[PDB]
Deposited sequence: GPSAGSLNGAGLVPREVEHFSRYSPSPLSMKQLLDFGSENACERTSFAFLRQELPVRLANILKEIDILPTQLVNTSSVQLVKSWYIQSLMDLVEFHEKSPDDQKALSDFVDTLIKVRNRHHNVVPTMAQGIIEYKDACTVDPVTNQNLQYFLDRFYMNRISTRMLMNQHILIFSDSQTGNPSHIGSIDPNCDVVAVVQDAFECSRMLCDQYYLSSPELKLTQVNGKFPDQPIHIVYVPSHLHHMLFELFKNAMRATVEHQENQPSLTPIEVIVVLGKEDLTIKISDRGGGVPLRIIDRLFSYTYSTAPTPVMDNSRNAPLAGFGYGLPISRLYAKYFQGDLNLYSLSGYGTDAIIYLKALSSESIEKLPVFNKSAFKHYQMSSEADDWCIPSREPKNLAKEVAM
């Protein structure tokens, strides 16, 4: 690989908290100084893991394209290492570069997925790599979009967000939004959709609306994917029933945790194979769990085979404890392979 990839892969990624990510919007020279270093490091770390993939997979035009994109984006960013953070034109050029890198990486996920489709034409090492590859992309997209959406002139994002972070994320509203999105799709596939039976408990502040610092787009993706699976299971398991049981959602805010449990009566899944739902090929649920774990949360499924399934999202209720969960290429990772 290029010298830059070898060099920057020697560094470990530096995870940020969501609090720190918010603080970038409270300064541009500081985000620029961090990103111009951190993004090459993260691209270089995953580029090293791409090389140890099975040759039949790494040699796919898709994977080779992703590798070429990441290499070029890495070079685009290392060009800014000579510039001074006080150089206003360098900051402006840096925003332009991030936008170019963002657009270049826009189709990474489907391109990588297409690469797996060819390789297939169960693999624990591939699951290991895809968790890391997709978590790495989630993190770089997160960082770059935070800078773009705060410091660009045209890319302003949502006015109520600092970058992509909603400091007062209305969790229940995101739930209702994602449920409608899944409901619209469910109606197209079945001409029927379960209703939502939503409960909320604010143990931290009883009877108070539930807000946390979070990335609503990530939360929406997780809930959308879980609702799609809950609705599909409900309709199909009860297709011979005159009605559909609702999907029960409870949103709970605790001292340390924001918990969302989605319960369906869609027949459940045997314990022996429930993990297959998280194996790639079918990237919705695996990516959803990455999103949950990205900021020290988690996503778990507990099924009652013959009855239904509980899906539970755990998010940290404090932004200071919502720290990036990042893969690093080192001896340990090489040993896992």
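- Missing from the model relative to the deposited sequence are positions 1 to 12, 39 to 41, 137 to 143, 304 to 323, 380 to 404 (no C-alpha coordinates, numbering from 1).
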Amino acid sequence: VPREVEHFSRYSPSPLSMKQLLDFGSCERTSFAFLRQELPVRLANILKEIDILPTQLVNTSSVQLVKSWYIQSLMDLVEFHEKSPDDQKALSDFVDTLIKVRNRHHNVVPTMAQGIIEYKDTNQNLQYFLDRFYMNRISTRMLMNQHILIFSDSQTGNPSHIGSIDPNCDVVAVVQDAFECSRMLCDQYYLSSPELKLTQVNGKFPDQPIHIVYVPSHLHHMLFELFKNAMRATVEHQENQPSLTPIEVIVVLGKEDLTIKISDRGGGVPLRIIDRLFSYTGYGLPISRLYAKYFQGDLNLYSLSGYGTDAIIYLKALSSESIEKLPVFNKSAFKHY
From here on, numbers count along this sequence of modelled residues.
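Here the rigid core means the biggest group of C-alpha atoms that line up within 1.5 Å when the two forms are laid on top of each other.
- Rigid core fits of the other structures in 7 other deposited structures of this protein place the C-alpha atoms of one stretch farther away on average; of 64 to 72 and 269 to 277, that stretch is 269 to 277.
- Core superposition of the other structures onto this form places the C-alphas of 111 to 119 farther off in 7 other deposited structures of this protein than those of the other stretch among 94 to 102 and 111 to 119.
- Coordinates for residue 177 are present in every one of the other compared entries of this protein that model residues on both sides of it, well short of the third needed to count it as often missing.
- Of the other entries compared for this protein that flank it with modelled residues, all give atoms for residue 87, so not even a third lack it.
- Taking the PDB entry as given, 57 to 65 carries the higher mean Cα B factor of the two stretches 57 to 65 and 298 to 306.
- Between 325 to 333 and 13 to 21, it is 325 to 333 that carries the larger average Cα temperature factor according to the deposited entry.
- Comparing the C-alpha B-factors of 183, 204, 232, 265 in the entry, the top value falls on 204.
- Across the residues 199, 176, 245, 123, the deposited record lists the maximum Cα B factor for 123.
- Split the chain's modelled residues into thirds by C-alpha temperature factor. Residue 238 is in the middle one.
- When the CA B factors of the chain's modelled residues are split into thirds, the value for residue 164 lands in the lowest one.
- Ranked within its chain, residue 228 lands in the lowest third, by CA B factor from the PDB record.
- Remark: residue 194 belongs to the middle third of its chain, ranked by C-alpha B-factor as recorded.
- Ranked within its chain, residue 282 lands in the highest third, by CA B factor from the PDB record.
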